[PDB]
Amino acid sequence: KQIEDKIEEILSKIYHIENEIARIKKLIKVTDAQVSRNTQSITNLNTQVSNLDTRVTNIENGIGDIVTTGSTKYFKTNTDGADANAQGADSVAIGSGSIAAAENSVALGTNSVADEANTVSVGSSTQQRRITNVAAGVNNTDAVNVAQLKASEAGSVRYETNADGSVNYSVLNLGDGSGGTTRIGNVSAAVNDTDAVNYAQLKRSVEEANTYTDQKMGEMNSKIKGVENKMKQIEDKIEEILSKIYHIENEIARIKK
């Protein structure tokens, strides 16, 4: 009676334990299914993160490098200086220490300063720059080069300049510099006392002097002609006197007899 019932009790306890263990196995399976999802998720994330690392490293190597250097492959500077400063509206500043303070200006070169509107500065009042390899200008608003200035000034007539920089204006020596002379052509007639005289004008002045001589001359030729005419009158009077005397001498000789 007591034992048979206790055996049944144990048998039911075993039954319930078997069910509990099966329930526990099921829980382990449910957990494992989540761990499987997590393991897979981790795998997906490892891939995505190494893919982003690569993309970030490429961004770093490229555009990162232009930030720190301030240069691209085609716009380069070699400098430790302070940033360029495009201060003015629509200004452009190129090079460390450069400052384009004025509207629509360009400061070009390290430490260049553009402080007037609509200009391109290639330096400053303390450091200027020559501009080199400039081809001869053609259009009116092209820059001119030294060779063009030299060609344009060749043949220019100049005074001598003294050592102190003053010009000696009191003499203008023409000619080749070794004894040669220069003919000055296309000269107008002098009007003021200190104007140069031209050749037509010289010739005209000789002709005036000769005309004055003729005017004086012909006054004396009138006197000389008056003397010439009077002289013929005297000659006729003499011939008449000689004739008279001949007749007197003949008359006296006939009185003699």
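Throughout, we count residues from 1 along the sequence that is shown.
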- request: Output the stretch having the higher mean C-alpha B factor in the entry; the candidates are 194-202 and 59-67.
  value: 59-67
message: If you take the mean CA temperature factor per stretch, which one wins between 19-27 and 238-246?
response: 238-246
query: Of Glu153, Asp80, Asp142, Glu116, which one's C-alpha B factor is largest in the deposited record?
result: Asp80
message: In terms of recorded Cα temperature factor, pick the maximum from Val35, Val49, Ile42, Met217.
response: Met217
Chain-wide C-alpha B factor ranking for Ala163, given as lowest, middle or highest third: highest
